[PDB]
Protein chains: 2
Amino acid sequence: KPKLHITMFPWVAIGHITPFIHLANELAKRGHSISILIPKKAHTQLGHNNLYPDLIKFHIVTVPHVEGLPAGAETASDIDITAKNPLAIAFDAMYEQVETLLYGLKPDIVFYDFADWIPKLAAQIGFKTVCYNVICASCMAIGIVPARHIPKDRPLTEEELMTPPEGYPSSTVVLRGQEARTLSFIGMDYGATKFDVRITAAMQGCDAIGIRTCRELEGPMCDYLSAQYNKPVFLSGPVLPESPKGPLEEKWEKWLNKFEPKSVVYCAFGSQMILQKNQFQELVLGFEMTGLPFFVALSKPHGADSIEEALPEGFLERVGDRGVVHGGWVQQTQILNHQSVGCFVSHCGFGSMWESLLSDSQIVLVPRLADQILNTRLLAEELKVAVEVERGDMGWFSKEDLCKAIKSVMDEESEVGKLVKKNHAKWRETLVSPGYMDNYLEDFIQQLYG
Amino acid sequence: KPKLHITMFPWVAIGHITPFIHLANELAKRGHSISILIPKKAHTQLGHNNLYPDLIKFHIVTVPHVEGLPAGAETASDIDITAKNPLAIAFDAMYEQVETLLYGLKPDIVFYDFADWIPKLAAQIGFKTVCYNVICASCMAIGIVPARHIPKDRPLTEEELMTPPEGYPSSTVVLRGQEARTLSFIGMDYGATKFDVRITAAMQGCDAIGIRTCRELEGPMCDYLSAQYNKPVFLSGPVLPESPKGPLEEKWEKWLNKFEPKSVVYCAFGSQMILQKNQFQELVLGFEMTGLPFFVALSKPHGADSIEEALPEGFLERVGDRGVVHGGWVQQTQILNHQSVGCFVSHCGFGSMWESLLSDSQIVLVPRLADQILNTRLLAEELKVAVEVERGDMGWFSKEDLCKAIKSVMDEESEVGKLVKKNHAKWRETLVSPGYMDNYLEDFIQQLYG
Ligand SMILES: O=c1ccn([C@@H]2O[C@H](COP(=O)(O)OP(=O)(O)O)[C@@H](O)[C@H]2O)c(=O)[nH]1
Ligand SMILES: O=c1ccn([C@@H]2O[C@H](COP(=O)(O)OP(=O)(O)O)[C@@H](O)[C@H]2O)c(=O)[nH]1
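Residues numbered from 1 in each chain as written, not as in the entry; some residues may be left out. Chains lettered and ligands numbered in written order. Heavy atoms only, no water. Residues with missing side-chain atoms left out of burial classes, pairs and counts.

### So, the site of ligand 1
All names here are of chain A.
Inference 1: Taken together, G270, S271, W329, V330, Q332, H347, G349, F350, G351, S352 and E355 are the residues near ligand 1.
Inference 2: Here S271 contributes a side-chain N or O atom positioned 2.9 Å from an oxygen atom of ligand 1.
Inference 3: Residue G351 places a main-chain N or O atom 2.7 Å away from an oxygen atom belonging to ligand 1.
Inference 4: Coverage of ligand 1 by the protein chains reaches 77% of its 530 Å² of free accessible surface. (Near = heavy atom within 4 Å. Polar contact = N/O pair within 3.5 Å; in protein donor to acceptor, adjacent residues only side chain to side chain. Areas by Shrake-Rupley, 256 points an atom, 1.4 Å probe, with all protein chains shown as cover.)

### Notes on the domain arrangement of chain A
Residues and elements named next belong to chain A.
Inference 1: Its domain assignment divides chain A into domain 1 (5–242 + 435–449) and domain 2 (250–431).
Inference 2: Here the C-alpha centre of domain 2 lies 30 Å away from the C-alpha centre of domain 1.
Inference 3: Taken together, the contact between domain 1 and domain 2 spans 24 residues of the former and 20 residues of the latter.
Inference 4: Listed by contribution, the elements that provide at least two residues to the side of domain 1 that touches domain 2 are helix 6 (137–143), helix 9 (215–229) and helix 19 (436–449).
Inference 5: Per-element accounting of the side of domain 1 that touches domain 2 gives the leading share, 3 residues, to helix 6. (Domains from an automatic or database assignment. Contact = heavy atoms within 4.5 Å. Helix = DSSP H or I, 4+ residues; strand = E, 2+ residues; numbered from the N terminus.)

### Here we look at the interface of chain A and chain B
Inference 1: In this complex, chain A contributes 8 residues to the contact, which on the side of chain B involves 11 residues.
Inference 2: Our count for the contact surface shared by chain A and chain B stands at 0 salt bridges.
Inference 3: In this structure, the connection of chain A to chain B is made through 3 residue pairs in polar contact.
Inference 4: The greatest single-element share of the side of chain A that touches chain B, amounting to 3 residues, is contributed by helix 5 (residues 118–125) of chain A.
Inference 5: Along the lines of polarity and charge, the residues of the side of chain A that touches chain B split into 4 nonpolar, 2 polar and 2 charged. (Salt bridge = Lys/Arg side-chain N within 4 Å of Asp/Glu carboxyl O. Nonpolar A, V, L, I, M, F, W, Y, C, P; charged D, E, K, R; others polar.)

### Digging into the site of ligand 2
All names here are of chain B.
Inference 1: For ligand 2, the full set of nearby residues is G270, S271, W329, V330, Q332, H347, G349, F350, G351, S352 and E355.
Inference 2: Within the contact set of ligand 2, an oxygen atom lies 3.2 Å away from a side-chain nitrogen or oxygen of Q332.
Inference 3: The contact in question runs from an oxygen atom of ligand 2 to an N or O atom on the side chain of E355, over 2.6 Å.
Inference 4: The fraction of the free accessible surface of ligand 2 (540 Å²) that becomes covered by protein chains is 77%.
Inference 5: For the shell around ligand 2, the element with the highest residue contribution is helix 15 (residues 350–358), accounting for 4 residues.
Inference 6: Residues of the shell around ligand 2, tallied by class, amount to 3 nonpolar, 7 polar and 1 charged.

Next up, the structure:
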C-alpha cells in the first residue's frame, strides 16, 4: 500500500506541538509524509527536532493580531492568563490560511486537537481526521463527555467538578474536594466559545479519537470515551522520544558514586513548573528531614536571585554533602539510570511518569495539575506502584508529609515500600519488553488505514 | 415526550418568511411551541396567517438603518437591486437583538437560512440548529456545494456556471447555454461577504439540513447534499398550505361552463412575476394561435394603464369569448379543479408546481428563474409528466413555441400528450395518497427530536 500523507495542525502551545512532532517522527520513520503547520516562533524553537527532513515538512501559519493580543504573541508561552481569549480567537482566525494550505497539501488524514473547525474543512476538502490528545484519557473521560452536563451560562460548582460523569469507569481515579478547582478549566471561556463546547465539537467531528496512551494503563477510560462519543479510539502509545545519549555530567556521576546503590533520592518537577518560595523552602526542608542523600533539580522561585538566596537560612551548612539543590537543567534519564539513585520524587508529569515507570526507582508523586493528580491516583491508588504525598488546600505540601512518603518507600523495613516495588517491577517488565512500544505504533498506523 | 420549543429566524423576504410560517403552522398543530422573529411590516402583512396563536408567537425585530438603505425598507420586496448589499448588512446587523431574544426564548431548535452567524449563537447559548431551505434541493446541489470551487475574487464564467459539480446526480436536471446567468447569484456579493461564503458557512454550521421537498421527487439531490456537507438532511415535505375552501367566482364558473370538459387552457405565472409588454403580447398571441379556449390570469406590464391597453391591436375583437385575459388575482386552485380545465401553463414556481402535480390537468412549463428551470427539467425531462417551452437568450419565448407546446399536450392525437398524462397520473396517485404529506411531517418532527 502507498504511504500516507498526514497533515498536523496542533494548538499553539509548546506542550501540544512537541508531542505531535514526536508522533510525526515515528510516522516518518515508517515512511509516511508529514506536514506540520505551526507559528514562526515555535518553528524556530523546535526546528532541530525534525529527524526526517525529507518526509517531515514545516509550513508556517501566521497568528493574526486581534483585539487584545500582545504584540509578537504566537504561542501560549508568550501570553499570561489575561490574553487567553485573544490567543484562542487568533487561533480560530487562522482557519482560512489552514484551508488554503490543506487545498494544496491534499492530505489523506489531518491530526488536530483544539481546532474544532477542522472537520468542517474535512468535508469541504475531502480528508479524514483524527482528534489526537496528548493529555491523559482519564482527564478527557472524567471531564468533557456527553454524560456530564455543563451549563453554558454559569461555571460548574466544586461539587459538580468533584462528581464523575455517569458511567465513569473508576472509583479510584477521581478528584477529591480540594482538587476540584484543578478541573475547572473544562468549562472556562476559551475565545469565542467555552472550552467544553470546543472540545465536544472536536470529539464529535473527528473520524477517530487518538490518545497518547496504552491499553494496559488506561483501557477502561478509552472504552468509556469510545462509547460516549460513539467513535473508534486509536492508541498511539506514549510515543516517548529517544532519551538523551552521551555521558552523564562527570561531577554528578562522581558525587552520586560517593553514595551507596539505590540510596539517593532524585527530585524534579518537569520543565514548566516553578515553585513559590515558601513551598520551595518547605520542599528542601522535607528532603533534609529524611536524613537520606538527595539530588533535587528545581528552578529557583520567581524573582529570586539564586537558589541559595531562596533557600532557608542555615540549610546549606547543615546538609553538607548529603544533598544537592541545583537550579540548572540536568540529564534526568541518565541520573535515573545511575545505580546510586533509588527514588524519584516528581509531579507525575507525562514524561516523568513514564520515566519513573521504566526505571527501577521507587516512585513518589507530588502532583499539581488535574492530569498529574489523576495519573497519581492511577499509579498510587489503582496500580499501587507508587505513593502519593498528602497535600493541602492549594496543593500545598508540608515537609513532614513529604518526608514520611519518601521514608515509606525507602526503608527496607517498610511493608508499603516492598509492596510498591514489587508492583512496580511487574509493570516495568511489561512496559520494557521488546516490541511493546512498536506494537502500538504499528497498530495505530494500521488503524489509520481503515 | 415533551413538546419542542422552536425559534425561526428567516431571511427578510416574504418568499422566505411565508414557508417558514407554513412549517410553523404544521408544527404547532402537533403541539410544538414556535417563536418567529420578523420585521414589523412583514408581521402586519402576514399576521393573519397564524392559525395557532397560543403556540405560535411573533417577535418583532427592528431592521437597522445602515448606509444606502432606503427609508422604511425592511424586506427584499421594499428594495430594488441597488440596495441588495445594504439590506444584507442590515439583516446581519440585527445579530444583537436576535441574540437577546434567543437568550429569553431559550429554544430547543432554531431554524435559519441566510443568517450564517446563527450557529455561532448556537454555540454560545446552547441550542441545536436546522438550516431550512425553501428552494429546491437540485438548486442547492448544483450550486453551492464543496465539489464546486468558487473564487473569492473573480466571478464564475458562464461555462463554470453551466458545468454541474463533480458527482452531481442528474444528467437531466441541468442548465443550458444562455440559462447560465440564472445561477450567477451563487457568487454574487451579498453584504459583507459573497453569497456562496455565507451559504457555505450556514450549511456547514447547522446541526442538520432541512429541505422543503420529498424523497420521491428529489432523493438523489438530498443524498448528494448530505454526502457533500457530511450532514443529515431532513425532508419536511412540500408543506403545502390548505387551499382556500371558497365557492369559485360565479362569473368564471359560468364562463368555464360554456366550454367542453378538459378543453380549457389555464395560465398563471405566480404572485411575483410581471411580464414586459413585448413578452406579454407574444404570450397572448400564442394562446390565440392554438385556437383553444384559454384563461390567462396575469398582472399587466409595469406602468401600463390596463391589461387591454397592453394587448396587441385587435386581439380582443378576434378572440371574442374564446379566451379571457384577466389582470386580477384569481382562485387558481378552484379553477384548476373545474372540469372544463384540461391544461395549466405556468412558470413552475413552487406552489404552481405542486398544484399542477396534484391536478389532473396537463402541465406546460415556462420557467424564468433558476429553480423554476431545474424543476421544469425534472418534470418535463426527468419524469416526463410535463412539456417545456423553448426559450430564448433572455428567457424570451416565441408565440409559435408556446402554441406548439400547448398543442402537443392538448391534442388527443398527440403521442406526447398521451405520455405526459399517463406519467402525471402515476405521480398524482402517489402524491395524493392518504398520509403521504403527514408521514413526511411526522418523520421530520421525529428527526428533530433526534
Ligand atoms: O531537569 C530536568 C527536568 C525535566 N527533564 C525532562 O523534561 C521532560 C518533560 O517533563 P514532564 O513531561 O515529566 O513534565 P512537564 O515538563 O510536562 O511539566 C521529561 O522527559 C524529563 O526527563 C529533564 O530532562 N531535566
Ligand atoms: O392569480 C393567482 C396567481 C397565483 N395564485 C397562487 O399563488 C401561489 C404562489 O405561486 P407560485 O408559488 O407558483 O409562484 P411564486 O409566487 O413563488 O412566483 C400559488 O399557490 C397559486 O395558487 C393564485 O391563487 N392566484
